[PDB]
Amino acid sequence: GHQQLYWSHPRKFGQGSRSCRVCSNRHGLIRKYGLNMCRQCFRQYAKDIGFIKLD
Amino acid sequence: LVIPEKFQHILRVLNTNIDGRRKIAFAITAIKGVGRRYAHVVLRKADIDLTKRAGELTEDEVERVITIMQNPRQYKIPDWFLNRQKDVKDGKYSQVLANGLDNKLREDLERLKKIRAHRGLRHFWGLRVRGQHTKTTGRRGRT
Amino acid sequence: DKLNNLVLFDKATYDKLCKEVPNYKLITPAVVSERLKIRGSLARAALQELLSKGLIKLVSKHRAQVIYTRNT
Amino acid sequence: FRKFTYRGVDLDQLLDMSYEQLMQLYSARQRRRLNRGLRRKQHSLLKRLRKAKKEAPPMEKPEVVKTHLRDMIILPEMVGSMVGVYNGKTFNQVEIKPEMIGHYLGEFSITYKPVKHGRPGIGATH
Amino acid sequence: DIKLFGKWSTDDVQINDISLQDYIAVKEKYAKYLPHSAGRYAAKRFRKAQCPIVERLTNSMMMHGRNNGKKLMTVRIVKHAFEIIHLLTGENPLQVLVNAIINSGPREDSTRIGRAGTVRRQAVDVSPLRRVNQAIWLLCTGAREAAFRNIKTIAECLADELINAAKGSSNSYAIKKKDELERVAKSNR
RNA sequence: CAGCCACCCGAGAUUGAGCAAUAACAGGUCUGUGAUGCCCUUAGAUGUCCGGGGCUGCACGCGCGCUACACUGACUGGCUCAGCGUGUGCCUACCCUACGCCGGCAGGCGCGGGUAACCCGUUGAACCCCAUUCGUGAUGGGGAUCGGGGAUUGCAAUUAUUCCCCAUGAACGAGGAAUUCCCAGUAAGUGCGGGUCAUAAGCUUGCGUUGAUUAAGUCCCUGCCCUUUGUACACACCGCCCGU
Ligand SMILES: [Mg+2]
Ligand SMILES: [Mg+2]
Ligand SMILES: [Zn+2]
């Protein structure tokens, strides 16, 4: 039935199992240090997070 | 100093000509089933001096080298050292050598073409069978 | 063009190795190889044999360059 | 010429053998797959093949069962079965022959049309 | 008592060219045990004239990509072929190298026309530093392509190249190239 | 004078980055967004799951690259040195690994440490160094292609994920016109980490390690600035404009 079919494909490792915590996009994601945000969202929120440019 | 006892400049083994000037374990590599590692293990278990060249060994030495080459498992050569392990049809572990053995077992592509497997079809069409891109590579011999 | 060097000495080339090589100012496997039409392995073996017999003096030995000179 | 033989053993003993004994004759992979287990909808295809073979009239070919699965060519239980393998848009008709043991179904339903080239145009050579 | 390697003195080496005396550094403050000194001679212009000539040769030996930075190999290749120059000639290898440097450096050569031009070449004189640089470069190149695809090892090709250049013989690649350049400068005078 | 050159003393006599004006481009991005205006579609949907294809398909053309053409090298043993750093997760499954045992191997099985200057780790890196065999030839250079086996991650490995073994052993002998990047711990060799990552680097971003040749100049080429000068241009030369 539809209950056993809907979203039944395993999503445990690939890019289909990860997304931006801000915009829910799946591309250019930064998993380092547990940020789990895409590149653009990280550039947007880097100063708030505490990442600042020195060199 | 060259050996007077008919130093074999050319030696015939398995319908192949090996060079007597070449050092052993590299002269017998000319056989189409033997390369480097197999030659070294065959000569180690045949107990012949590896510093000799192929022309200085006697007839008995070459004979026992040929026999140990054709019967690897009979002289404790490991099963993972062979190029025809668990051969389809007769599930026998073996080493295929030279014309009539290596090239005939090469003619197992007709099995793939008879079952019309995709790899056999790629072989029949002259294309590449191990999943490589064919856009910008391998453009030689294709007009 | 393609040189055809020997792998073992013949009596003619084993000669002219025991009474001229011991007279060279510089004895090197490459020099003997070129001047006797023999392979590098054979040249090295012959020079080691000559040195064992005391006819040659070893000047320096290295994995890439071994130098001998006449005993004079 | 001679009776079919797979890894030294022939048709009848291949039918009489269990999966554990199959894993020895199979190559690495097709042994890992069997050790990991045939999941469902593989057993469904196998049982559909069994039913089609049983209902087949004597001396006649079984009816073709169609499937999306690039599945194991299991021991000759599937040999002689008429299977339509989905290639992406069509169910290509394939008869399972004994030499196909140990292969994938997708090896016999090509997913692309082989290229027959046309004249270069536009900016082929800029 | 600062013999090179541990065998070659410098007290007997005579430059005797006057022109290149100030640019070949071999004699008293430039007597070192090894042709390897790290050194910062490229920092300011003309300083490389303070670098010992054997180290300049050693540096020039590391060439054609596969040998870049391998200076220990090159000091070995100089230690050998010094051991071989001594056997072949009986003279100090340093003297042979200095004579080769003197003989293999061009004195004139041609540039693009004078003040300006885009058709022919005009002859001009060579700086002593450029003379030494070109001599080292030519000697190293001759050795390098004598040893390529040949059983003759390096440290034999370089030794014979240096010996021929010291003799002034035309069997030397450096001498041939120097003569070619000098003749072209003569024609464009 | 502003400063320039050289030298002494000196750790150093120009370390490298980050940020960066006025003004402009119909430069790129609606495929990063719960940023967006207008259209289009909206239930046999262009929404959304779920099977299977594709994104790789190969007569050919063009970029960035990797490995080479060997002896200043391959092979085989022996010896001995780094740095940057990342490690067990909101959802979220997936960490880095010492030691013992089993197996050529890739691996497998038990046992511990570590949320980290605490464990991996004293990060026993590669090149390089030392010795060995080869011996100038497509050779033991070089490893494309291809066959047969074995494992690992995964829900599935076929169009071959990756890895291992044994076989097979192509072109390539230094590259035409034409072009790129570079001034000192630099170029170039050489490995190592981070990202991507269930599985994974010929990419990229960082890190050390070995370590040069040459130059200390000029507008010759290529641009790009000015300054004077001309204009009938001002949408500004991709302009304007004349006649059949
Ligand atoms: Mg200009
Ligand atoms: Mg106007
Ligand atoms: Zn985002």
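Below, read A as the first sequence line, B as the second, and so on, with proteins coming before strands; counting in each chain starts at 1. What's counted below: heavy atoms across the whole structure, side chains too, no hydrogens, waters or symmetry copies.
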### Task
Answer with base, sugar-phosphate or nothing: what part of the nucleic acid does A:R31 contact at a heavy-atom distance below 4.0 Å?
base

### Message
Under 4.0 Å, counting only non-hydrogen atoms across every strand here, what does B:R37 touch: a base, just sugar-phosphate, or nothing?
### Response
sugar-phosphate

#### Entry: Touch class at under 4.0 angstrom, heavy-atom based, for D:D71 against every strand present
nothing

### Message
Is it true that, when you exclude A:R26 itself, more than 12 heavy atoms of the residues, nucleotides or ligands shown sit nearer than 6.0 Å to its CZ?
### Response
yes

### Query
Taking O4'-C1'-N9-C4 for purines and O4'-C1'-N1-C2 for pyrimidines, is F:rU190 syn (within 90° of 0) or anti?
anti

### Query
Hey, does the side-chain of B:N83 have a donor or acceptor N/O within less than 3.5 Å of a partner on the base of F:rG149?
no

### Task
Scan B:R21 against the nucleic acid and name what it touches under 4.0 Å (heavy atoms): base, sugar-phosphate only, or nothing.
nothing

#### Entry: Syn or anti conformation of F:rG104, syn meaning chi within 90° of 0
syn

### Task
Looking only at side-chain atoms of B:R53, point me to the closest of F:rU168, F:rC134, F:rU214.
F:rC134

### Where the chi angle of F:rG239 falls, syn if within 90° of 0 and anti if not
anti

### Task
Please give the nucleotide sitting opposite F:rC203 as a Watson-Crick or G-U wobble pair, both distances under 3.5 Å, or none.
F:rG195

### Task
Decide if the distance between the centres of the six-membered base rings of F:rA117 and F:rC118 is under 5.5 Å while the angle between those ring planes is under 30 degrees.
no

### Query
Is the shortest side-chain N/O distance from B:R84 to OP1 or OP2 of F:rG149 below 4.0 Å?
no

### Message
Under 4.0 Å, heavy atoms only, any strand: does C:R39 hit a base, just the sugar-phosphate, or nothing?
### Response
sugar-phosphate

#### Entry: Separation between the P atoms of F:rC90 and F:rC120, rounded to whole Å
27 Å

### base_contact_polar (F:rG154 base, D:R32 side chain, donor-acceptor, <3.5 Å)
yes

### Query
How would you label the glycosidic angle of F:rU72: syn (within 90° of 0) or anti?
syn

### Task
Please work out if the bases of strand neighbours F:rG108 and F:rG107 stack, meaning their six-membered ring centres are under 5.5 Å apart and their ring planes differ by under 30°?
yes

### Message
Can you work out whether B:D102 or D:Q30 has the more 5'-proximal nearest nucleotide on RNA chain F?
### Response
D:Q30

### Message
Please tell me whether F:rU228 and F:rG223 form a Watson-Crick or G-U wobble pair, using a cut-off of 3.5 Å on both distances.
### Response
no

### Query
Do the numbers put E:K48 on top of the ring of E:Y41, so that NZ or CZ is under 6.0 Å from the six-membered ring centre and no more than 45° off the axis?
no

### Task
Have a look at B:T134 and say if it touches a base, only the backbone sugar-phosphate, or nothing, with a 4.0 Å heavy-atom cut-off.
base

### Query
Sub-3.5 Å donor-acceptor pair from the side chain of E:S60 to the main-chain atoms of E:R56, do we have one?
no

#### Entry: A:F51 and A:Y45 aromatic centres sub-6.0 Å
no

### Query
What is the nucleic acid contact for B:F26, judged by heavy atoms within less than 4.0 Å: base, sugar-phosphate only, or nothing?
base

### Query
Looking only at N and O atoms, is any donor in the side chain of E:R130 or the base of F:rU214 less than 3.5 Å from an acceptor on the other one?
no

### Message
Could you check whether the six-membered base rings of F:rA157 and F:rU158, which sit next to each other in the strand, have centres less than 5.5 Å apart and planes tilted by under 30 degrees?
### Response
no

### Message
Is there, by distance only and without an angle test, a donor paired with an acceptor across the side chain of D:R33 and the base of F:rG154 below 3.5 Å?
### Response
no

### Task
Check whether any side-chain N or O of A:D48 sits under 3.5 Å from a backbone N or O of A:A46 as a donor-acceptor pair, and report yes or no.
no

### Task
Considering only NZ, NE, NH1 and NH2 on the basic side and carboxylate oxygens on the acidic side, decide whether B:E107 and B:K104 come within less than 4.0 Å.
yes

### Message
What's E:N67 touching, base or sugar-phosphate or nothing? Going by heavy atoms closer than 4.0 Å.
### Response
base

### Message
For a quick check of understanding: with a heavy-atom distance under 4.0 Å over all strands, which category does B:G33 fall into, base, sugar-phosphate or nothing?
### Response
sugar-phosphate

### Query
Does any N or O donor sit under 3.5 Å from an N or O acceptor when you compare the side chain of D:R29 with the base of F:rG150?
no

### Query
Under the 3.5 Å rule, do the base of F:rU158 and the side chain of B:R119 count as making a donor-acceptor pair?
no

### Task
Scan nucleotides 45-53 of chain F nucleotide by nucleotide, 5' to 3', and note B when protein non-hydrogen atoms come under 4.0 Å of the base, S if they reach only the sugar-phosphate, - if neither.
---SSSBBS

### Task
Identify the nucleotide, in any strand shown, that forms a Watson-Crick or G-U wobble pair with F:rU209, with both distances under 3.5 Å; if there is none, say none.
F:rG189

### Message
Students often get this wrong, so: under 4.0 angstrom with heavy atoms, is B:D87 touching a base, only sugar-phosphate, or nothing?
### Response
nothing

### Query
Under 4.0 angstrom, heavy atoms only, what part of the nucleic acid is D:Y26 near: base, sugar-phosphate, or nothing?
sugar-phosphate

### Task
Indicate, yes or no, whether a donor-acceptor pair under 3.5 Å links the base of F:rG150 to the side chain of B:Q85.
no

### Query
OP1, OP2 of F:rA212 versus side-chain N and O of E:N68: anything below 4.0 Å?
no

### Task
Quick one: classify the glycosidic conformation of F:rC235 as syn or anti, with syn meaning within 90° of 0.
anti

### Query
Considering only side-chain heavy atoms of B:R36, which listed nucleotide, F:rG57, F:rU136, F:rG140, is closest?
F:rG140

### Task
Could you tell me whether B:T143 contacts a base, only the sugar-phosphate backbone, or nothing, with contacts defined as non-hydrogen atoms closer than 4.0 Å?
sugar-phosphate

### Message
Checking contacts here: which listed nucleotide (F:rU136, F:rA198, F:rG147) is nearest the side-chain heavy atoms of A:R18?
### Response
F:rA198

### Query
Touch check for D:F91, heavy atoms < 4.0 angstrom, all strands: base, sugar-phosphate only, or nothing?
nothing

### Task
Ignoring hydrogens and angles, tell me if any N or O in the side chain of D:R39 forms a donor-acceptor pair with the backbone of D:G37 under 3.5 Å.
yes

### Message
What contact category does B:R122 fall into here, base, sugar-phosphate, or nothing, at under 4.0 angstrom with non-hydrogen atoms?
### Response
sugar-phosphate

#### Entry: Intra-strand stack F:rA160 & F:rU161, ring centres under 5.5 Å, planes under 30°
no

### Task
Would you check, one step at a time, whether the test side chain to side chain donor-acceptor pair (under 3.5 Å) holds for E:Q122 with E:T111?
CA-CA 5 Å; E:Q122 168 30 24; E:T111 61; over 6 Å; no

### Sub-4.5 Å side-chain heavy-atom contact between C:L6 and C:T13
yes

### Message
Between B:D108 and B:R84, is the salt bridge (charged side-chain N to carboxylate O under 4.0 Å, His left out) condition met? List the steps.
### Response
CA-CA 12 Å; B:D108 79 24; B:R84 202 68 196 174; 3.8 Å; yes

